[PDB]
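Text of entry.tsv (TSV, C-alpha atoms and all ligand atoms) as supplied:
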chain	number	residue	atom	x	y	z
A	211	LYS	CA	123.43	-38.62	18.21
A	212	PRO	CA	120.58	-41.23	17.65
A	213	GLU	CA	117.26	-39.95	16.21
A	214	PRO	CA	113.59	-41.16	15.67
A	215	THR	CA	112.07	-44.05	13.75
A	216	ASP	CA	109.37	-43.76	11.06
A	217	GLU	CA	107.10	-45.18	13.77
A	218	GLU	CA	108.21	-42.91	16.66
A	219	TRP	CA	107.95	-39.90	14.37
A	220	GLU	CA	104.37	-40.85	13.77
A	221	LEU	CA	103.96	-41.02	17.53
A	222	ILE	CA	105.27	-37.50	17.84
A	223	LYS	CA	103.03	-36.14	15.07
A	224	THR	CA	100.20	-37.42	17.27
A	225	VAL	CA	101.07	-36.02	20.71
A	226	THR	CA	101.68	-32.72	18.94
A	227	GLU	CA	98.40	-32.59	17.03
A	228	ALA	CA	97.03	-33.05	20.54
A	229	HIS	CA	98.88	-30.46	22.59
A	230	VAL	CA	98.39	-27.97	19.79
A	231	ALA	CA	94.64	-28.34	19.41
A	232	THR	CA	94.40	-28.21	23.20
A	233	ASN	CA	96.71	-25.29	23.95
A	234	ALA	CA	94.87	-21.98	24.29
A	235	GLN	CA	95.27	-19.35	21.62
A	236	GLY	CA	98.15	-21.31	20.07
A	237	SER	CA	101.13	-19.20	19.03
A	238	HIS	CA	98.94	-16.15	18.62
A	239	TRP	CA	98.78	-15.67	22.36
A	240	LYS	CA	100.79	-12.55	23.15
A	241	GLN	CA	97.92	-10.75	21.34
A	242	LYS	CA	95.10	-11.83	23.66
A	243	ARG	CA	97.29	-11.37	26.72
A	244	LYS	CA	95.27	-9.05	29.01
A	245	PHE	CA	97.29	-8.05	32.09
A	246	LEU	CA	95.49	-8.40	35.43
A	247	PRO	CA	94.94	-5.08	37.20
A	248	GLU	CA	97.76	-3.97	39.48
A	249	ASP	CA	95.36	-3.79	42.44
A	250	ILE	CA	94.28	-7.42	42.63
A	251	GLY	CA	96.61	-8.95	45.24
A	252	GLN	CA	98.60	-6.45	47.32
A	253	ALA	CA	99.69	-5.45	50.87
A	254	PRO	CA	98.74	-7.87	53.70
A	263	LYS	CA	97.33	-15.22	54.06
A	264	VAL	CA	95.18	-15.31	50.89
A	265	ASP	CA	93.44	-12.65	48.76
A	266	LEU	CA	90.02	-13.81	47.68
A	267	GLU	CA	89.52	-11.19	44.92
A	268	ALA	CA	92.44	-12.94	43.19
A	269	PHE	CA	91.70	-16.52	44.21
A	270	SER	CA	88.45	-15.85	42.41
A	271	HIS	CA	89.73	-14.24	39.22
A	272	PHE	CA	91.83	-17.40	39.05
A	273	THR	CA	89.20	-20.15	39.63
A	274	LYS	CA	86.88	-18.18	37.36
A	275	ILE	CA	88.90	-19.65	34.48
A	276	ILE	CA	90.50	-22.75	36.02
A	277	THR	CA	87.57	-24.78	34.77
A	278	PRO	CA	88.00	-24.59	30.96
A	279	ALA	CA	91.65	-25.07	31.65
A	280	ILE	CA	91.30	-28.52	33.11
A	281	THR	CA	88.91	-29.52	30.33
A	282	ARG	CA	91.70	-28.76	27.84
A	283	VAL	CA	94.03	-30.99	29.79
A	284	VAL	CA	91.31	-33.61	29.59
A	285	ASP	CA	90.84	-32.97	25.87
A	286	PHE	CA	94.60	-33.37	25.42
A	287	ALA	CA	94.82	-36.81	26.97
A	288	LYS	CA	91.72	-37.81	25.02
A	289	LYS	CA	93.60	-37.34	21.76
A	290	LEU	CA	96.28	-39.74	22.93
A	291	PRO	CA	95.47	-43.30	21.84
A	292	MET	CA	97.65	-44.98	24.51
A	293	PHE	CA	95.38	-43.15	26.91
A	294	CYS	CA	92.05	-44.42	25.64
A	295	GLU	CA	93.50	-47.97	25.84
A	296	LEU	CA	93.21	-47.65	29.61
A	297	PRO	CA	90.29	-48.21	32.04
A	298	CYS	CA	87.95	-45.27	32.79
A	299	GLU	CA	89.03	-45.64	36.41
A	300	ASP	CA	92.71	-45.08	35.60
A	301	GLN	CA	92.15	-42.47	32.92
A	302	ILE	CA	90.90	-40.46	35.87
A	303	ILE	CA	93.66	-41.24	38.36
A	304	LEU	CA	96.00	-39.90	35.71
A	305	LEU	CA	94.06	-36.75	35.00
A	306	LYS	CA	93.80	-36.02	38.73
A	307	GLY	CA	97.51	-36.45	39.34
A	308	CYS	CA	98.96	-34.77	36.27
A	309	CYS	CA	96.33	-32.09	35.80
A	310	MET	CA	98.11	-29.40	37.76
A	311	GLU	CA	101.46	-30.65	36.49
A	312	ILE	CA	100.41	-30.23	32.85
A	313	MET	CA	98.67	-26.90	33.48
A	314	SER	CA	101.50	-25.12	35.30
A	315	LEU	CA	103.97	-26.45	32.69
A	316	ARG	CA	101.84	-24.87	30.00
A	317	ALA	CA	102.03	-21.59	31.84
A	318	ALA	CA	105.74	-21.50	32.60
A	319	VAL	CA	106.48	-22.09	28.91
A	320	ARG	CA	104.68	-18.79	28.56
A	321	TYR	CA	106.72	-16.60	30.88
A	322	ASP	CA	107.77	-13.29	29.30
A	323	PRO	CA	110.97	-12.33	31.10
A	324	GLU	CA	110.71	-8.67	29.99
A	325	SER	CA	107.27	-8.02	31.54
A	326	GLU	CA	108.00	-10.74	34.11
A	327	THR	CA	104.50	-12.22	33.92
A	328	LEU	CA	103.00	-15.62	33.13
A	329	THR	CA	99.97	-15.93	30.87
A	330	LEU	CA	97.25	-18.17	32.21
A	331	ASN	CA	94.76	-19.69	29.81
A	332	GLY	CA	96.36	-17.55	27.14
A	333	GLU	CA	94.17	-14.64	28.19
A	334	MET	CA	95.30	-13.47	31.64
A	335	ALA	CA	98.82	-12.23	32.37
A	336	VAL	CA	99.70	-12.57	36.06
A	337	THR	CA	102.71	-11.68	38.24
A	338	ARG	CA	104.83	-13.77	40.57
A	339	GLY	CA	103.18	-11.93	43.45
A	340	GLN	CA	99.59	-12.12	42.19
A	341	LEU	CA	99.87	-15.85	41.61
A	342	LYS	CA	101.46	-16.30	45.03
A	343	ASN	CA	99.07	-14.29	47.17
A	344	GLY	CA	96.33	-15.75	44.99
A	345	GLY	CA	96.55	-19.12	46.68
A	346	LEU	CA	99.47	-21.00	45.19
A	347	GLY	CA	101.83	-19.49	47.72
A	348	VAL	CA	105.38	-20.76	47.49
A	349	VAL	CA	104.29	-22.54	44.30
A	350	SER	CA	104.24	-19.27	42.40
A	351	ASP	CA	107.97	-18.74	42.82
A	352	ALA	CA	108.30	-22.37	41.86
A	353	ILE	CA	106.17	-21.99	38.75
A	354	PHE	CA	107.85	-18.74	37.78
A	355	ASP	CA	111.37	-19.95	38.64
A	356	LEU	CA	110.48	-22.67	36.17
A	357	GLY	CA	109.37	-20.33	33.44
A	358	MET	CA	112.55	-18.26	33.69
A	359	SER	CA	114.66	-21.40	33.55
A	360	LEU	CA	112.85	-22.82	30.50
A	361	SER	CA	113.34	-19.58	28.53
A	362	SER	CA	116.71	-21.15	27.71
A	363	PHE	CA	115.38	-24.43	26.35
A	364	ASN	CA	113.15	-22.91	23.67
A	365	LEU	CA	110.84	-25.89	23.72
A	366	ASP	CA	108.61	-26.26	20.70
A	367	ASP	CA	105.05	-27.57	20.83
A	368	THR	CA	106.28	-31.12	20.23
A	369	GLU	CA	108.64	-30.90	23.19
A	370	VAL	CA	106.11	-29.30	25.51
A	371	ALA	CA	103.66	-31.88	24.21
A	372	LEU	CA	105.91	-34.86	24.86
A	373	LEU	CA	106.86	-33.46	28.25
A	374	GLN	CA	103.11	-33.23	29.00
A	375	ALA	CA	102.64	-36.90	28.10
A	376	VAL	CA	105.58	-38.08	30.17
A	377	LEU	CA	103.62	-36.54	33.04
A	378	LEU	CA	100.20	-37.88	32.13
A	379	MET	CA	101.59	-41.40	31.97
A	380	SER	CA	102.96	-41.54	35.52
A	381	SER	CA	102.74	-45.19	36.56
A	382	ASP	CA	103.19	-44.25	40.18
A	383	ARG	CA	99.86	-42.48	40.78
A	384	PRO	CA	98.02	-44.40	43.48
A	385	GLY	CA	94.91	-46.49	42.74
A	386	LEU	CA	96.17	-47.28	39.26
A	387	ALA	CA	95.09	-50.55	37.73
A	388	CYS	CA	96.93	-51.21	34.47
A	389	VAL	CA	100.31	-50.19	35.87
A	390	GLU	CA	102.79	-52.18	33.74
A	391	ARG	CA	101.01	-51.23	30.51
A	392	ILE	CA	101.31	-47.54	31.32
A	393	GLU	CA	104.97	-47.52	32.48
A	394	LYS	CA	105.96	-48.73	28.99
A	395	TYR	CA	103.67	-46.10	27.49
A	396	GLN	CA	105.71	-43.59	29.41
A	397	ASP	CA	108.83	-45.50	28.39
A	398	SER	CA	107.47	-45.35	24.83
A	399	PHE	CA	107.25	-41.53	24.99
A	400	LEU	CA	110.43	-40.82	26.95
A	401	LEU	CA	112.52	-42.52	24.30
A	402	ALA	CA	110.79	-40.70	21.45
A	403	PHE	CA	111.11	-37.43	23.37
A	404	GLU	CA	114.85	-37.90	23.81
A	405	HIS	CA	115.29	-38.89	20.17
A	406	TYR	CA	113.22	-35.90	19.06
A	407	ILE	CA	115.62	-33.98	21.26
A	408	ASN	CA	118.64	-35.22	19.41
A	409	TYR	CA	117.17	-34.12	16.07
A	410	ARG	CA	116.49	-30.76	17.72
A	411	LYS	CA	120.08	-30.59	18.93
A	412	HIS	CA	119.64	-27.62	21.25
A	413	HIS	CA	122.62	-25.42	22.11
A	414	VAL	CA	122.49	-26.35	25.79
A	415	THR	CA	125.28	-28.35	27.40
A	416	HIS	CA	124.63	-31.63	29.25
A	417	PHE	CA	121.01	-31.53	28.02
A	418	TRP	CA	118.18	-34.08	28.35
A	419	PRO	CA	119.30	-35.00	31.89
A	420	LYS	CA	118.42	-31.38	32.62
A	421	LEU	CA	115.09	-31.56	30.77
A	422	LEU	CA	114.35	-34.63	32.88
A	423	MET	CA	114.98	-32.62	36.00
A	424	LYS	CA	112.23	-30.30	34.85
A	425	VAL	CA	109.79	-33.23	34.92
A	426	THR	CA	110.65	-33.52	38.59
A	427	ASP	CA	110.32	-29.76	39.02
A	428	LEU	CA	106.81	-30.13	37.63
A	429	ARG	CA	105.92	-33.10	39.86
A	430	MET	CA	107.06	-31.16	42.89
A	431	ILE	CA	104.85	-28.28	41.81
A	432	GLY	CA	101.86	-30.55	41.59
A	433	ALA	CA	102.59	-32.43	44.77
A	434	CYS	CA	102.76	-29.09	46.54
A	435	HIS	CA	99.74	-27.66	44.83
A	436	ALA	CA	97.67	-30.30	46.56
A	437	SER	CA	98.86	-29.15	49.97
A	438	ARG	CA	97.97	-25.57	49.06
A	439	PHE	CA	94.59	-26.87	47.97
A	440	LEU	CA	93.68	-27.80	51.55
A	441	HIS	CA	94.49	-24.37	53.00
A	442	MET	CA	92.60	-22.89	50.08
A	443	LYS	CA	89.60	-24.97	51.24
A	444	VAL	CA	89.94	-23.43	54.72
A	445	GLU	CA	90.82	-19.83	53.97
A	446	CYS	CA	88.37	-19.64	51.02
A	447	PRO	CA	84.57	-19.87	50.45
A	448	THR	CA	83.32	-23.23	49.22
A	449	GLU	CA	81.19	-20.79	47.24
A	450	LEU	CA	84.16	-20.04	44.96
A	451	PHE	CA	85.26	-23.61	44.16
A	452	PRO	CA	84.00	-24.69	40.77
A	453	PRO	CA	83.10	-28.38	40.75
A	454	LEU	CA	85.67	-29.80	38.35
A	455	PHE	CA	88.21	-27.86	40.38
A	456	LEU	CA	87.06	-29.83	43.42
A	457	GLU	CA	86.34	-32.91	41.37
A	458	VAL	CA	90.00	-32.93	40.37
A	459	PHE	CA	91.95	-31.98	43.49
A	460	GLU	CA	89.44	-33.17	46.12
A	461	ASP	CA	90.34	-36.68	47.33
B	687	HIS	CA	83.64	-39.37	39.40
B	688	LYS	CA	80.98	-37.01	38.12
B	689	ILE	CA	81.95	-34.50	35.44
B	690	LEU	CA	85.31	-35.93	34.36
B	691	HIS	CA	83.47	-38.91	33.36
B	692	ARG	CA	81.31	-36.46	31.32
B	693	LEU	CA	84.45	-35.07	29.57
B	694	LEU	CA	85.85	-38.50	28.82
B	695	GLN	CA	82.65	-39.51	27.06
B	696	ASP	CA	81.80	-36.68	24.69
B	697	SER	CA	82.64	-37.50	21.10
B	698	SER	CA	82.01	-34.01	19.61
C	701	LIG	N1	97.78	-21.35	31.72
C	701	LIG	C1	97.38	-22.79	31.59
C	701	LIG	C2	96.42	-23.25	32.71
C	701	LIG	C3	96.54	-22.56	34.10
C	701	LIG	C4	95.42	-21.89	34.68
C	701	LIG	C5	95.48	-21.36	35.98
C	701	LIG	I1	93.74	-20.46	36.78
C	701	LIG	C6	96.68	-21.51	36.74
C	701	LIG	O1	96.70	-21.01	38.00
C	701	LIG	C7	96.19	-21.73	39.15
C	701	LIG	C8	96.11	-23.14	39.13
C	701	LIG	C9	95.59	-23.75	40.31
C	701	LIG	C10	95.20	-23.04	41.42
C	701	LIG	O2	94.76	-23.61	42.57
C	701	LIG	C11	95.31	-21.59	41.36
C	701	LIG	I2	94.57	-20.50	42.88
C	701	LIG	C12	95.81	-20.97	40.23
C	701	LIG	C13	97.79	-22.14	36.21
C	701	LIG	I3	99.50	-22.32	37.30
C	701	LIG	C14	97.73	-22.67	34.92
C	701	LIG	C15	96.97	-23.18	30.19
C	701	LIG	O3	97.22	-22.36	29.29
C	701	LIG	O4	96.40	-24.28	30.02
Can the structure from this file be put into structure tokens for me?
Ligand SMILES: N[C@@H](Cc1cc(I)c(Oc2ccc(O)c(I)c2)c(I)c1)C(=O)O
Amino acid sequence: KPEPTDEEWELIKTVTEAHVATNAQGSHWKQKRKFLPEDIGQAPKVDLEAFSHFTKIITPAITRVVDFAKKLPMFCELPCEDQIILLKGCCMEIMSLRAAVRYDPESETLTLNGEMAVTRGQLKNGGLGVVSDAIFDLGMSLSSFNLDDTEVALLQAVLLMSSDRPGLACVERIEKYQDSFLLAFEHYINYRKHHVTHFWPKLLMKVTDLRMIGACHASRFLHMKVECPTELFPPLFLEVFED
Amino acid sequence: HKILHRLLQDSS
């Protein structure tokens, strides 16, 4: 079917250079993967020993997400007030995506930050709750798509550039940015020509799956702020999810 | 605000 244009290709080459220089351990991850001890998160609510081990790294994770959007020109052509709104809304969305795409079905464990390998349970009891299943259920699903950096990358942009976040200023400009990526993404998809029936439409559904994850994550954030010590919440963590 | 701003400003 239809494919990219010398210009859109160039767009891709960008997004990618971004996601790749901002994705932990690159494709040399499985060798830094250090499985979390079996004992952290067990037989009960929350589980602070875990909640901690998680926020102990959640900081440098968000920064990456920030560093990723910074390498996107269409991003820097926005106001510093919106550049934030975006980060705040898509931060979780881009993070959890990045993790699902790293779900090893054999071991049945995600790999956060490219260093820590967690389990459905662990992640759940850890604070995300129902979101774990959701983030894992995603991973499993995606194992079929075999998304390459580019794809993950593009998918990550489509999220970043959500024109619907509230408080946004330069709406219209953004929407087209998103429109500008979506097209390219699809095209790039055609060149890829995956062996997966009725495709893209499906891939699009994943975007929703990721927005749901983020929308829920916020809810979970509040409980986390009630069932957990404000002594365990790194700033940026709060800076991002806090209203 | 705060930090984010900090991250959006670093050349580096
Ligand atoms: N693995 C990613 C980043 C990534 C890091 C962490 I810590 C994650 O777990 C969370 C997130 C929010 C929370 O409130 C809790 I509690 C746990 C997830 I999901 C993803 C990367 O490679 O960028």
Subject >> Non-local contacts of residue 352 (chain A) (10 Å; all atoms listed in the file; under 2 positions in same chain excluded) as a list in words >> reply: residues 314, 318, 338, 342, 346, 347, 348, 349, 350, 354, 355, 356, 357, 427, 428, 430, 431 and 434 of chain A
Original post:
Could you name the residues that touch residue 336 (chain A) at 12 Å or less, counting all atoms listed in the file, but leaving out those on the same chain fewer than 2 positions away, as a PyMOL selection string?
Top reply: chain A and resi 243-251+268+271-272+317-318+320-322+325-334+338-344+350+353-354
**OP:** Would you mind telling me which residue in A:392, A:454, A:319, A:444 lies nearest to residue 295 (chain A) when using only C-alpha atoms?
**Re:**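 Closest residue, counting only C-alpha atoms: A:392.
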Original post:
What is the distance, in Å and to one decimal place, between CA of residue 389 (chain A) and CA of residue 287 (chain A)?
Top reply: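 Separation of CA of residue 389 (chain A) and CA of residue 287 (chain A): 17.0 Å.
Residue-level contacts from chain B to chain A at 8 Å, counting only C-alpha atoms, read residues 687, 688, 689, 690, 691, 693 and 694 of chain B.
Taking CA of residue 279 (chain A) and CA of residue 371 (chain A) as the two end points, the separation is 15.7 Å.
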**OP:** Could you please determine the separation between CA of residue 456 (chain A) and atom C9 of ligand LIG 701 (chain C) in Å, to one decimal place?
**Re:**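 Computed distance, CA of residue 456 (chain A) to atom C9 of ligand LIG 701 (chain C), equals 10.9 Å.
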Enclose the full set of atoms of ligand LIG 701 (chain C) listed in the file within a box whose edges lie along x, y and z, apply 3 Å of padding to each of the six sides, and report centre and edge lengths in Å to one decimal as lines of an AutoDock Vina configuration file.
center_x = 96.6
center_y = -22.4
center_z = 36.1
size_x = 11.8
size_y = 9.8
size_z = 19.6
Original post:
Using only C-alpha atoms and all ligand atoms, which of the listed residues (A:225, A:304, A:407, A:309) sits closest to ligand LIG 701 (chain C)?
Top reply: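 Closest residue, counting only C-alpha atoms and all ligand atoms: A:309.
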Your completed chain B with N, CA, C and O atoms, as a PDB file, keeping the file's coordinate frame:
ATOM      1  N   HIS B 687      84.875 -39.786  40.213  1.00  0.00           N
ATOM      2  CA  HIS B 687      83.640 -39.370  39.400  1.00  0.00           C
ATOM      3  C   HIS B 687      83.235 -37.932  39.027  1.00  0.00           C
ATOM      4  O   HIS B 687      84.023 -36.981  39.157  1.00  0.00           O
ATOM      5  N   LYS B 688      81.953 -38.042  38.567  1.00  0.00           N
ATOM      6  CA  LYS B 688      80.980 -37.010  38.120  1.00  0.00           C
ATOM      7  C   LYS B 688      81.255 -36.498  36.700  1.00  0.00           C
ATOM      8  O   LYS B 688      81.058 -37.223  35.714  1.00  0.00           O
ATOM      9  N   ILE B 689      81.681 -35.251  36.673  1.00  0.00           N
ATOM     10  CA  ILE B 689      81.950 -34.500  35.440  1.00  0.00           C
ATOM     11  C   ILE B 689      82.987 -35.201  34.556  1.00  0.00           C
ATOM     12  O   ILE B 689      82.672 -35.634  33.434  1.00  0.00           O
ATOM     13  N   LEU B 690      84.203 -35.285  35.073  1.00  0.00           N
ATOM     14  CA  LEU B 690      85.310 -35.930  34.360  1.00  0.00           C
ATOM     15  C   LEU B 690      84.760 -36.991  33.473  1.00  0.00           C
ATOM     16  O   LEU B 690      84.936 -36.977  32.247  1.00  0.00           O
ATOM     17  N   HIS B 691      84.105 -37.902  34.113  1.00  0.00           N
ATOM     18  CA  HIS B 691      83.470 -38.910  33.360  1.00  0.00           C
ATOM     19  C   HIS B 691      82.858 -38.151  32.169  1.00  0.00           C
ATOM     20  O   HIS B 691      83.190 -38.382  31.016  1.00  0.00           O
ATOM     21  N   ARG B 692      81.990 -37.185  32.426  1.00  0.00           N
ATOM     22  CA  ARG B 692      81.310 -36.460  31.320  1.00  0.00           C
ATOM     23  C   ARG B 692      82.272 -36.033  30.174  1.00  0.00           C
ATOM     24  O   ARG B 692      81.934 -36.106  28.982  1.00  0.00           O
ATOM     25  N   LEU B 693      83.460 -35.587  30.544  1.00  0.00           N
ATOM     26  CA  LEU B 693      84.450 -35.070  29.570  1.00  0.00           C
ATOM     27  C   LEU B 693      85.145 -36.183  28.792  1.00  0.00           C
ATOM     28  O   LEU B 693      85.603 -35.986  27.657  1.00  0.00           O
ATOM     29  N   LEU B 694      85.204 -37.329  29.412  1.00  0.00           N
ATOM     30  CA  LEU B 694      85.850 -38.500  28.820  1.00  0.00           C
ATOM     31  C   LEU B 694      84.907 -39.233  27.883  1.00  0.00           C
ATOM     32  O   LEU B 694      85.294 -40.191  27.208  1.00  0.00           O
ATOM     33  N   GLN B 695      83.676 -38.776  27.819  1.00  0.00           N
ATOM     34  CA  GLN B 695      82.650 -39.510  27.060  1.00  0.00           C
ATOM     35  C   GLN B 695      82.167 -38.790  25.799  1.00  0.00           C
ATOM     36  O   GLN B 695      81.723 -39.427  24.835  1.00  0.00           O
ATOM     37  N   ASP B 696      82.237 -37.496  25.816  1.00  0.00           N
ATOM     38  CA  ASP B 696      81.800 -36.680  24.690  1.00  0.00           C
ATOM     39  C   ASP B 696      82.648 -36.987  23.458  1.00  0.00           C
ATOM     40  O   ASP B 696      83.881 -36.966  23.515  1.00  0.00           O
ATOM     41  N   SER B 697      81.974 -37.284  22.379  1.00  0.00           N
ATOM     42  CA  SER B 697      82.640 -37.500  21.100  1.00  0.00           C
ATOM     43  C   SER B 697      83.022 -36.081  20.611  1.00  0.00           C
ATOM     44  O   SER B 697      84.144 -35.615  20.834  1.00  0.00           O
ATOM     45  N   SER B 698      82.063 -35.465  19.954  1.00  0.00           N
ATOM     46  CA  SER B 698      82.010 -34.010  19.610  1.00  0.00           C
ATOM     47  C   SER B 698      82.984 -33.327  18.619  1.00  0.00           C
ATOM     48  O   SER B 698      83.050 -33.753  17.467  1.00  0.00           O
TER      49      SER B 698
END
